[PDB]
Amino acid sequence: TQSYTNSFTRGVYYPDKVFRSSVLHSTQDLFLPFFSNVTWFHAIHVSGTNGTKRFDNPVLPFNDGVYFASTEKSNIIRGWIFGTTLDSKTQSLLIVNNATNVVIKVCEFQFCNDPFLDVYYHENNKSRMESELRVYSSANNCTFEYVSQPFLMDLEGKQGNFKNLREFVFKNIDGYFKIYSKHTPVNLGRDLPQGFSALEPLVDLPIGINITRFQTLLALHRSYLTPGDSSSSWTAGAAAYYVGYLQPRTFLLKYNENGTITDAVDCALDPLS
Amino acid sequence: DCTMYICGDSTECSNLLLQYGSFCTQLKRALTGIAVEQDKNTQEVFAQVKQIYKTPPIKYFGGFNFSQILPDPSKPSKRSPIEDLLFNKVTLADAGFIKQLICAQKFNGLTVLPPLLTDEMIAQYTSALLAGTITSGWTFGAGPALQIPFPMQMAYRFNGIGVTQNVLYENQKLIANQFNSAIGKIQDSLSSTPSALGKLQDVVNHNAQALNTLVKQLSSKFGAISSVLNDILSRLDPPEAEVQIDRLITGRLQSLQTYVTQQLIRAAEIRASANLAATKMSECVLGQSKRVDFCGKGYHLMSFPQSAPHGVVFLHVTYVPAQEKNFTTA
Amino acid sequence: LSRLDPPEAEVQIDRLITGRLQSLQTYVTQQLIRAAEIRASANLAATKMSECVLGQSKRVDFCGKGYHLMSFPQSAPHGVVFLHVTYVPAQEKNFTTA
Amino acid sequence: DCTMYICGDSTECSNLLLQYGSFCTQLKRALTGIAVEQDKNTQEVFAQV
Amino acid sequence: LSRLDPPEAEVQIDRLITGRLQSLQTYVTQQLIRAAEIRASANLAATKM
Amino acid sequence: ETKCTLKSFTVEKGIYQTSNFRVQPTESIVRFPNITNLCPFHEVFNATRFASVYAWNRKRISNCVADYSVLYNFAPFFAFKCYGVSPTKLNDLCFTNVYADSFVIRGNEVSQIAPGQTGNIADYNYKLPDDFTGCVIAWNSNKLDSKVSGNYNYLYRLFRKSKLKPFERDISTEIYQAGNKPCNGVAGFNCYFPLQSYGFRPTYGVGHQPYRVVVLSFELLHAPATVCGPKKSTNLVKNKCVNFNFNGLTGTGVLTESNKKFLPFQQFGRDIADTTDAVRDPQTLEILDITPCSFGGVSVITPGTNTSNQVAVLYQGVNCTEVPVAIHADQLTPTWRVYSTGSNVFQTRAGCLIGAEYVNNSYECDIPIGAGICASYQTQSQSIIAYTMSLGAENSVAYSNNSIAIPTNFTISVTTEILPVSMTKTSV
Ligand SMILES: *[C@@H]1O[C@H](CO)[C@@H](O[C@@H]2O[C@H](CO)[C@@H](O)[C@H](O)[C@H]2NC(C)=O)[C@H](O)[C@H]1NC(C)=O
Ligand SMILES: *[C@@H]1O[C@H](CO)[C@@H](O[C@@H]2O[C@H](CO)[C@@H](O)[C@H](O)[C@H]2NC(C)=O)[C@H](O)[C@H]1NC(C)=O
Ligand SMILES: *[C@@H]1O[C@H](CO)[C@@H](O[C@@H]2O[C@H](CO)[C@@H](O)[C@H](O)[C@H]2NC(C)=O)[C@H](O)[C@H]1NC(C)=O
Ligand SMILES: *[C@@H]1O[C@H](CO)[C@@H](O)[C@H](O)[C@H]1NC(C)=O
Ligand SMILES: *[C@@H]1O[C@H](CO)[C@@H](O)[C@H](O)[C@H]1NC(C)=O
Ligand SMILES: *[C@@H]1O[C@H](CO)[C@@H](O)[C@H](O)[C@H]1NC(C)=O
Ligand SMILES: *[C@@H]1O[C@H](CO)[C@@H](O)[C@H](O)[C@H]1NC(C)=O
Ligand SMILES: *[C@@H]1O[C@H](CO)[C@@H](O)[C@H](O)[C@H]1NC(C)=O
Ligand SMILES: *[C@@H]1O[C@H](CO)[C@@H](O)[C@H](O)[C@H]1NC(C)=O
Ligand SMILES: *[C@@H]1O[C@H](CO)[C@@H](O)[C@H](O)[C@H]1NC(C)=O
């Protein structure tokens with residue numbers, strides 16, 4: 001499915017790595033503008049005890065970075081794919097998470113689509129899903145690799161009330177992929193809650209590719225809660241998966257006395273701003 | 001200080017700046033002249049009396065209530081209640097009082113010297129002027145102070161505006177009550193108004209913002225690789241550090257010259273205002289002025305000066321006509 | 001010019017012209033501010049010659065300390081000097097007033 | 001306007017002008033201070049009634 | 001800008017900016033002094049009225 | 001000093017601002033992360049199988065000590081043109097991350113590997129950003145890049161649909177759409193491959209010889225440093241004015257224990273001057289605050305130089321329980337540290353005054369000081385005196401209900417006034 005919502009005041013990160021306090025320092029960089037459409041997307045791969053091909057996961061454009069926000073239980077959303085058309089003509093980037101690892105790399109994947117749909121993929125009865133990768137099938141001219149700590153540090157409150165909001169920001173300015181992230185488990189069920197939060201960087205690394213393309217990876221061997229309908233064109237549909245598009249804007253940031261970011265003003269919004 | 005502002009604790013930058021000549025002795029001389037001018041302005045406005053007069057310990061002026069403008073000995077600062085309200089309503093940014101957060105962010109040679117006259121002796125000038133004008137009329141503005149009962153002085157201030165003495169001597173209770181009510185309500189109107197001392201607050205805030213902007217100029221590259229000169233001297237060889245440091249010299253010196261010129265123009269405007277205030281104190285307070293709309297609106301009666309942070313406040317007691325009647329005249 | 005060649009001589013001379021022009025700008029600006037101050041002083045002097053000299057001024061503490069009587073102008077290099085002859089009271093007596 | 005008088009519709013000039021800092025933001029304030037004062041000048045002279 | 005590469009244009013654009021800004025600063029300084037001249041006359045007119 | 005600040009051997013009575021005092025640093029400290037391993041460069045340069053230019057080999061260099069003083073003999077180094085940091089002053093800096101992008105190109109194109117350049121190689125093969133900071137090194141490679149028949153090994157890219165953003169690889173085994181026919185691998189008429197080779201022989205002349213070029217790009221910015229120069233770090237000193245070289249950041253001041261909340265990705269502090277205020281110790285990970293050394297202006301109060309030659313020094317806005325009261329050699333910028341600093345020290349709200357003594361008695365004051373304090377020159381046998389100025393002769397009036405004072409005489413006093421009317425007229 002797919003649906004629209006309001007971003008409110010979310011998606012602002014620390015632009016630089018210096019420390020500031022009680023200052024109104026302003027920046028000009030790629031940001032997510034306040035009060036803009038954020039489009040949900042849901043992957044629906046379950047039907048009784050039958051395969052029932054769904055042909056989900058269309059191609060999402062990637063321009064000037066992308067903002068991500070999902071509320072997954074443990075590992076429903078694994079990683080992301082960056083590149084162009086995923087063919088053995090142009091090189092592309094691959095992000096995929098692990099139990100405690102991340103193996104993001106750059107290759108020339110001819111094909112890496114083998115979700116391994118299960119005959120008993122229904123999560124209520126069982127969730128038998130171990131090493132269901134079936135990836136990196138081919139590599140024509142591929143030598144770049146990188147392994148480090150996983151981006152997402154999933155924390156459980158032993159109940160479903162404190163759902164994590166794994167806000168991520170991806171940028172492609174002269175290589176140097178920025179993966180700003182912060183976990184905000186203050187969620188109570190309302191999408192993109194009223195309030196304010198910041199994002200801290202995780203890893204910075206240059207490769208050099210264009211990336212007019214973006215999709216996500218899910219652990220399809222264990223999935224549930226995927227309602228399906230014909231909602232589109234400014235409608236509603238449950239996804240637990242958000243995508244927003246960044247543009248080069250100017251932000252006025254109010255650093256707290258402790259050192260955190262308390263508020264921000266978009267300089268390309270309404271004339272009062 | 002050029003030595004520390006333009007160049008931060010670096011011998012090479014100071015030596016390079018020394019080539020520019022008198023672009024910094026001129027700035028120090030201009031700022032010293034401005035400071036001396038501001039020291040002279042307060043003396044011109046307030047120090048108009050050769051001596052200092054004190055009111056008698058008894059406070060009876062024919063029903064006139066002056067308790068709101070005389071100093072209160074109970075208060076630690078020995079200031080009038082209206083003076084205390086003025087002091088509370090205007091907040092100063094800096095005063096240079098043995099400093100040894102934004103003001104603390106001026107480790108850049110930007111020092112605010114303290115005024116010559118503390119606001120404890122300026123209050124003494126105000127008290128002396130007001131005591132002279134309540135206990136001697138205008139006689140102390142010409143020669144020796146000559147005592148005179150306040151009802152007689154007020155009757156003659158009436159006689160100055162073309163109303164005979166008998167009006168006051170037959171309505172003295174009414175004039176006393178009206179003046180007391182006006183003095184009582186001027187404090188209430190002054191306090192309740194969100195911003196009545198706008199001019200002095202603007203005077204303080206203009207200097208505060210000028211110093212703030214001058215501080216922020218150090219974060220400007222001015223076409224150089226970096227806006228901090230300790231990095232250029234540790235990132236570039238002397239042949240190119242010369243050019244980059246010179247570019248920073250030009251930028252910071254131009255900003256400082258702009259600041260000094262703006263300070264000169266602002267000080268000229270403030271000197272004009274201070275000369276107007278001195279004339280107003282000489283004429284409205286040490287005498288009665290027949291100039292229309294000079295000492296307040298209406299037929300001027302008298303005036304009381306009050307000190308305020310970087311300024312003066314005149315309380316103009318004036319005579320305004322009231323309900324009128326037509327008459328057939330020839 | 002004698003020691004250097006035009007490719008760098010023009011650059012160095014341009015720098016020197018910029019410096020000297022900035023110095024002259026500063027001199028002119030200071031002269032303008034000083035001229036404004038002197039014009040204010042000259043307006044005050046003209047007012048004093050118009051009132052104190054060409055008449056008797058009822059303004060107090062304007063044409064000299066004390067009650068103003070009369071004034072005399074005198075020329076001086078780049079200025080004027082006013083001789084304000086004024087009336088000032090003297091030894092006084094107490095008196096019971098009604 | 002610094003963004004037109006100094007650099008005329010040149011993005012690579014406007015970006016380079018920012019390296020001079022908040023320099024002519026004072027100029028906008030300085031000229032606005034004059035412009036605001038002018039409206040006060042013609043008001044205190046005439047609006048005496 | 002069309003006759004120079006960005007390397008040596010920036011040093012050459014800076015020459016134009018530091019001159020136009022200097023000529024723009026002079027205009028503001030003249031106006032500020034001229035404003036005080038007018039304000040002195042405006043104050044006199046208000047006093048004269 | 002007063003006679004020197006204004007050109008005169010006579011100084012009139014008054015107060016003059018001469019210079020500033022500031023506590024000088026005692027000893028310098030350097031603190032770099034303790035790194036013992038060395039990042040090798042032999043395999044970076046001594047290798048005969050470097051990649052071509054459309055796919056240049058990029059080597060990230062990590063935690064090590066970059067002693068760039070022994071590499072000058074691993075290549076001829078025809079050109080060592082470097083931007084940003086000057087080439088010589090590289091061994092005394094710390095970089096966040098350094099990347100060596102190596103390849104070999106045609107000689108005529110060596111000047112084209114530079115910020116903001118246009119052409120075949122700076123638009124379609126390898127573009128360098130406008131704000132590039134780093135070094136570029138180029139030399140010849142004809143010693144081995146030569147065959148009697150040909151060297152069909154190296155390649156580059158002629159045609160690309162659009163110019164590529166700086167620092168991007170564009171490996172693509174695709175066939176360009178020459179003309180209008182969309183051929184699918186025919187590579188015949190109107191379909192030519194978008195890459196041409198570098199067969200090379202010693203017969204070819206200068207300019208077309210292969211120039212091997214390696215660029216080293218470093219992000220000299222605020223971050224936990226990874227590669228550093230060969231400097232032996234010293235011990236840390238606190239609450240004492242020193243010169244610090246914290247992880248490549250040089251400065252002067254006092255380091256104090258700081259209670260800030262530096263997040264793990266932050267390494268430097270900042271206030272509103274673009275100058276560092278706080279910094280974490282690179283080999284201790286503790287947040288310490290930098291405060292610039294004690295300083296202030298000095299004013300010299302002199303009577304008439306013909307009257308006496310003794311002066312009174314005022315430190316503006318300084319509480320001189322600090323080093324002014326206990327001064328020692330090589331601690332203050334003014335070399336005149338000859339005061340006993342035990343007598344005639346008076347604290348003023350404008351900073352303490354030394355060389356003059358306060359007294360309870362009050363007079364009208366000659367030399368202003370500030371904060372209601374003034375100075376003069378008085379007898380007992382003679383000294384510079386400091387006191388609160390006397391506003392005027394305190395007196396009283398005789399106000400009463402029915403008392404009026406009437407003068408019986410007068411005086412005709414001729415006061416004087418002086419007013420400038422014009423200044424000199426100057427033309428230039
Ligand atoms: C008018 O004068 C009288 C006394 O002469 C003042 O009366 C006292 O003022 C103090 C100060 O506020 C009060 O605390 C007392 O309660 C007042 N007593 C009485 C009996 O009124 C009076 O305040 C003066 N008027 C004004 C406006 O201050
Ligand atoms: C006459 O006027 C003089 C002052 O011009 C008065 O002298 C002082 O008056 C006060 C008021 O009581 C006394 O405290 C002082 O002691 C007086 N001074 C001296 C030197 O005696 C004087 O009281 C007035 N009345 C008379 C009758 O002389
Ligand atoms: C007013 O003061 C003048 C001051 O000069 C007095 O004139 C003096 O009077 C004495 C006494 O006769 C003479 O010895 C002096 O020679 C006079 N001075 C001059 C300059 O002539 C005058 O007497 C005083 N008037 C009154 C009424 O006391
Ligand atoms: C989001 O898009 C819909 C249609 O696609 C539009 O009606 C709506 O106004 C958009 N929201 C915002 C905040 O622009
Ligand atoms: C640097 O010194 C600290 C101090 O004990 C030590 O813990 C650390 O291991 C040292 N660094 C290395 C790389 O050994
Ligand atoms: C690399 O070093 C070895 C020394 O063992 C030398 O023989 C060889 O020629 C060097 N290679 C190049 C390309 O200089
Ligand atoms: C200083 O005083 C002496 C008196 O002994 C005098 O001769 C000399 O002219 C005076 N000099 C100045 C400059 O006042
Ligand atoms: C200044 O020094 C005096 C000397 O005793 C001391 O009492 C006072 O606390 C000090 N104040 C500051 C701000 O250092
Ligand atoms: C000055 O006055 C104080 C109290 O006002 C007194 O204790 C002291 O002895 C006087 N003399 C001095 C300080 O020489
Ligand atoms: C004036 O008269 C009032 C009448 O109440 C009296 O209280 C006061 O003491 C008198 N003044 C003098 C100085 O005697």
# chains A, B, ... in the order shown; residues from 1 in each chain; ligands from 1
$ residues_around --residues "residue 132 of chain F" --least-positions-apart "3" --cutoff "8 Å" --atoms "only C-alpha atoms" --output "list in words"
residues 83, 84, 115, 128, 129 and 217 of chain F
$ residues_near_ligand --ligand "ligand 2" --cutoff "10 Å" --atoms "only C-alpha atoms and all ligand atoms" --output "number ranges by chain"
B: 56, 145-147; C: 91-96; F: 396-400, 403-406
$ write_last_selection --atoms "N, CA and C atoms" --output "JSON list (two decimals), in the first residue's frame"
[["chain", "number", "residue", "atom", "x", "y", "z"],
["B", 56, "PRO", "N", 15.61, 70.43, 54.47],
["B", 56, "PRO", "CA", 15.50, 70.40, 55.92],
["B", 56, "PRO", "C", 14.94, 69.06, 56.38],
["B", 145, "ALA", "N", 21.95, 80.99, 46.87],
["B", 145, "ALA", "CA", 20.61, 80.45, 47.07],
["B", 145, "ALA", "C", 19.86, 81.28, 48.09],
["B", 146, "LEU", "N", 18.64, 81.69, 47.74],
["B", 146, "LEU", "CA", 17.80, 82.51, 48.59],
["B", 146, "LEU", "C", 16.57, 81.71, 48.99],
["B", 147, "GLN", "N", 16.37, 81.55, 50.30],
["B", 147, "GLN", "CA", 15.23, 80.79, 50.78],
["B", 147, "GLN", "C", 13.92, 81.50, 50.44],
["C", 91, "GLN", "N", 25.00, 89.95, 49.32],
["C", 91, "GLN", "CA", 24.63, 89.76, 50.73],
["C", 91, "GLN", "C", 23.14, 89.96, 50.96],
["C", 92, "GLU", "N", 22.53, 88.99, 51.64],
["C", 92, "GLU", "CA", 21.09, 88.94, 51.82],
["C", 92, "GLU", "C", 20.72, 88.98, 53.29],
["C", 93, "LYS", "N", 19.45, 89.29, 53.54],
["C", 93, "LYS", "CA", 18.88, 89.30, 54.88],
["C", 93, "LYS", "C", 17.68, 88.37, 54.93],
["C", 94, "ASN", "N", 17.50, 87.72, 56.08],
["C", 94, "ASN", "CA", 16.26, 87.02, 56.36],
["C", 94, "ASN", "C", 15.13, 88.02, 56.53],
["C", 95, "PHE", "N", 13.91, 87.57, 56.26],
["C", 95, "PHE", "CA", 12.73, 88.41, 56.45],
["C", 95, "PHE", "C", 11.53, 87.51, 56.66],
["C", 96, "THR", "N", 10.63, 87.93, 57.56],
["C", 96, "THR", "CA", 9.38, 87.21, 57.76],
["C", 96, "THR", "C", 8.39, 87.60, 56.68],
["F", 396, "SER", "N", 23.49, 74.05, 53.66],
["F", 396, "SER", "CA", 22.07, 73.88, 53.92],
["F", 396, "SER", "C", 21.34, 75.19, 53.65],
["F", 397, "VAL", "N", 20.04, 75.07, 53.43],
["F", 397, "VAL", "CA", 19.16, 76.22, 53.32],
["F", 397, "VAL", "C", 18.39, 76.35, 54.63],
["F", 398, "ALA", "N", 17.70, 77.48, 54.78],
["F", 398, "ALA", "CA", 16.95, 77.79, 55.99],
["F", 398, "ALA", "C", 15.45, 77.86, 55.71],
["F", 399, "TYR", "N", 14.95, 76.88, 54.95],
["F", 399, "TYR", "CA", 13.54, 76.87, 54.57],
["F", 399, "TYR", "C", 12.64, 76.92, 55.79],
["F", 400, "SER", "N", 11.59, 77.73, 55.71],
["F", 400, "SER", "CA", 10.61, 77.86, 56.77],
["F", 400, "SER", "C", 9.29, 78.32, 56.16],
["F", 403, "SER", "N", 9.74, 82.47, 55.96],
["F", 403, "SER", "CA", 11.09, 83.01, 55.92],
["F", 403, "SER", "C", 11.55, 83.13, 54.48],
["F", 404, "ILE", "N", 11.93, 84.35, 54.08],
["F", 404, "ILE", "CA", 12.45, 84.61, 52.74],
["F", 404, "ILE", "C", 13.75, 85.39, 52.87],
["F", 405, "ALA", "N", 14.74, 85.02, 52.05],
["F", 405, "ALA", "CA", 16.03, 85.69, 52.03],
["F", 405, "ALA", "C", 16.07, 86.62, 50.83],
["F", 406, "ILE", "N", 16.27, 87.91, 51.08],
["F", 406, "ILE", "CA", 16.30, 88.93, 50.04],
["F", 406, "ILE", "C", 17.68, 89.56, 50.03]]
$ residues_near_ligand --ligand "ligand 4" --cutoff "7 Å" --atoms "only C-alpha atoms and all ligand atoms" --output "list in words"
residues 4, 6, 35, 36, 37, 233 and 234 of chain A
$ write_last_selection --atoms "N, CA and C atoms" --output "short mmCIF file (atom, residue, chain, number, x, y, z; two decimals), in the first residue's frame"
data_model
loop_
_atom_site.label_atom_id
_atom_site.label_comp_id
_atom_site.auth_asym_id
_atom_site.auth_seq_id
_atom_site.Cartn_x
_atom_site.Cartn_y
_atom_site.Cartn_z
N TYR A 4 -0.24 9.05 2.58
CA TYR A 4 0.40 10.33 2.83
C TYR A 4 0.18 10.77 4.28
N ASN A 6 1.72 14.11 7.31
CA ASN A 6 2.44 15.35 7.53
C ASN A 6 3.69 15.09 8.36
N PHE A 35 6.61 20.53 7.75
CA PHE A 35 5.24 20.42 7.22
C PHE A 35 5.23 20.08 5.73
N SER A 36 5.73 18.89 5.41
CA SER A 36 5.72 18.37 4.05
C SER A 36 5.19 16.94 4.04
N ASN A 37 4.72 16.51 2.86
CA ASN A 37 4.25 15.14 2.71
C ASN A 37 5.34 14.13 3.00
N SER A 233 -3.29 8.36 -3.68
CA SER A 233 -3.63 9.76 -3.94
C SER A 233 -4.22 10.43 -2.70
N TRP A 234 -3.35 10.67 -1.72
CA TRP A 234 -3.70 11.35 -0.47
C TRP A 234 -4.80 10.59 0.28
#
$ closest_residue --among "C:88, C:58, C:36, C:82" --to "chain E" --atoms "only C-alpha atoms"
C:36
$ residues_around --residues "residue 48 of chain D" --least-positions-apart "6" --cutoff "10 Å" --atoms "only C-alpha atoms" --output "JSON list (two decimals) with N, CA and C atoms, in the first residue's frame"
[["chain", "number", "residue", "atom", "x", "y", "z"],
["B", 293, "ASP", "N", 6.08, 74.58, 24.50],
["B", 293, "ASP", "CA", 6.31, 73.17, 24.22],
["B", 293, "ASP", "C", 7.77, 72.76, 24.39],
["E", 46, "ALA", "N", 11.10, 71.64, 14.31],
["E", 46, "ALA", "CA", 10.15, 71.27, 15.36],
["E", 46, "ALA", "C", 10.17, 72.28, 16.49],
["E", 49, "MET", "N", 8.61, 75.52, 15.07],
["E", 49, "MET", "CA", 7.16, 75.47, 14.96],
["E", 49, "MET", "C", 6.50, 75.56, 16.33]]
$ residues_near_ligand --ligand "ligand 1" --cutoff "6 Å" --atoms "only C-alpha atoms and all ligand atoms" --output "ChimeraX atom specification"
/B:65,67-68,184
$ write_last_selection --atoms "N, CA and C atoms" --output "JSON list (two decimals), in the first residue's frame"
[["chain", "number", "residue", "atom", "x", "y", "z"],
["B", 65, "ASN", "N", 3.42, 67.17, 48.10],
["B", 65, "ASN", "CA", 4.00, 65.88, 48.48],
["B", 65, "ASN", "C", 5.19, 65.60, 47.57],
["B", 67, "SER", "N", 7.64, 63.43, 48.51],
["B", 67, "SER", "CA", 8.27, 62.20, 48.97],
["B", 67, "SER", "C", 8.65, 61.27, 47.83],
["B", 68, "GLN", "N", 8.00, 61.39, 46.68],
["B", 68, "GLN", "CA", 8.29, 60.52, 45.55],
["B", 68, "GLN", "C", 9.52, 60.94, 44.76],
["B", 184, "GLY", "N", 1.77, 60.98, 42.09],
["B", 184, "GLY", "CA", 1.47, 59.60, 42.42],
["B", 184, "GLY", "C", 1.20, 58.74, 41.20]]
$ closest_residue --among "B:131, B:208, B:216, B:303" --to "chain A" --atoms "only C-alpha atoms"
B:216
$ select_by_dssp --residues "segment 61-181 of chain A" --states "strand (DSSP E or B)" --output "compact mmCIF listing (two decimals) with N, CA and C atoms, in the first residue's frame"
# COMPACT_ATOMS: atom_id res chain seq x y z
N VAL A 66 17.58 11.04 1.53
CA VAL A 66 16.26 10.55 1.89
C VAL A 66 16.19 10.38 3.40
N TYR A 67 15.01 10.64 3.96
CA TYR A 67 14.75 10.49 5.38
C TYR A 67 13.84 9.30 5.62
N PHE A 68 14.17 8.51 6.64
CA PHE A 68 13.54 7.23 6.90
C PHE A 68 13.07 7.19 8.35
N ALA A 69 11.94 6.51 8.57
CA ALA A 69 11.40 6.37 9.92
C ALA A 69 10.47 5.17 9.95
N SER A 70 10.78 4.19 10.79
CA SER A 70 9.97 2.98 10.89
C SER A 70 9.88 2.55 12.34
N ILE A 77 12.64 -4.59 9.12
CA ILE A 77 13.38 -3.84 8.11
C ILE A 77 14.87 -4.02 8.36
N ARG A 78 15.58 -4.54 7.35
CA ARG A 78 16.99 -4.87 7.49
C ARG A 78 17.90 -3.78 6.94
N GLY A 79 17.77 -3.45 5.66
CA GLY A 79 18.68 -2.50 5.06
C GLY A 79 18.08 -1.81 3.86
N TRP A 80 18.96 -1.22 3.05
CA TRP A 80 18.55 -0.42 1.91
C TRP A 80 19.47 -0.71 0.74
N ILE A 81 18.98 -0.42 -0.47
CA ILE A 81 19.75 -0.61 -1.69
C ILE A 81 19.84 0.72 -2.42
N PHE A 82 21.06 1.08 -2.83
CA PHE A 82 21.33 2.34 -3.50
C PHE A 82 22.07 2.07 -4.80
N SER A 92 26.45 -0.27 -7.93
CA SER A 92 25.42 0.11 -6.98
C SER A 92 25.86 -0.27 -5.57
N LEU A 93 25.25 0.40 -4.59
CA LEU A 93 25.53 0.20 -3.18
C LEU A 93 24.46 -0.68 -2.55
N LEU A 94 24.87 -1.44 -1.54
CA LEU A 94 23.98 -2.33 -0.81
C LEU A 94 24.19 -2.14 0.68
N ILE A 95 23.10 -1.88 1.40
CA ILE A 95 23.09 -1.82 2.86
C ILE A 95 22.18 -2.93 3.36
N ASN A 97 21.55 -5.11 7.29
CA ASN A 97 21.93 -5.27 8.68
C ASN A 97 22.00 -6.75 9.03
N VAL A 102 27.12 -4.97 10.23
CA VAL A 102 26.64 -4.34 9.01
C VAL A 102 27.70 -4.54 7.94
N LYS A 105 28.26 -2.47 1.15
CA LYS A 105 29.30 -2.66 0.14
C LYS A 105 28.86 -2.03 -1.17
N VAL A 106 29.77 -2.03 -2.14
CA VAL A 106 29.51 -1.52 -3.48
C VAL A 106 29.93 -2.58 -4.48
N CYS A 107 29.05 -2.88 -5.43
CA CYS A 107 29.30 -3.98 -6.36
C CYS A 107 28.61 -3.66 -7.68
N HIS A 122 3.68 -17.58 7.95
CA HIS A 122 2.77 -16.90 8.87
C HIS A 122 3.40 -16.81 10.25
N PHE A 144 34.88 -3.42 -3.57
CA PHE A 144 34.74 -2.57 -2.40
C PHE A 144 33.86 -3.23 -1.35
N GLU A 145 34.30 -3.16 -0.10
CA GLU A 145 33.57 -3.74 1.02
C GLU A 145 33.78 -2.86 2.25
N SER A 148 31.15 -2.96 9.83
CA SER A 148 31.23 -2.22 11.08
C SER A 148 30.03 -2.58 11.95
N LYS A 163 7.42 1.95 21.19
CA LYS A 163 7.92 1.62 19.87
C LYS A 163 9.02 2.59 19.46
N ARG A 166 13.12 4.82 14.42
CA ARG A 166 14.50 4.77 13.95
C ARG A 166 14.67 5.75 12.79
N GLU A 167 14.71 7.04 13.14
CA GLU A 167 14.89 8.09 12.15
C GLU A 167 16.30 8.03 11.58
N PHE A 168 16.40 7.92 10.25
CA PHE A 168 17.66 7.89 9.54
C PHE A 168 17.65 8.96 8.46
N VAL A 169 18.83 9.48 8.14
CA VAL A 169 19.00 10.44 7.06
C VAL A 169 20.18 10.00 6.20
N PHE A 170 19.97 9.91 4.89
CA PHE A 170 21.00 9.49 3.96
C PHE A 170 21.29 10.61 2.97
N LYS A 171 22.57 10.96 2.83
CA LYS A 171 23.00 12.02 1.93
C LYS A 171 24.13 11.50 1.05
N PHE A 177 28.81 9.30 2.51
CA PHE A 177 27.44 8.98 2.91
C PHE A 177 27.26 9.21 4.41
N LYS A 178 26.37 10.14 4.76
CA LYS A 178 26.03 10.41 6.15
C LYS A 178 24.79 9.62 6.54
N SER A 181 21.32 9.30 12.75
CA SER A 181 20.29 8.47 13.35
C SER A 181 20.10 8.82 14.82
$ atom_distance --atom1 "atom CA of residue 154 of chain B" --atom2 "atom CA of residue 63 of chain B"
11.9 Å
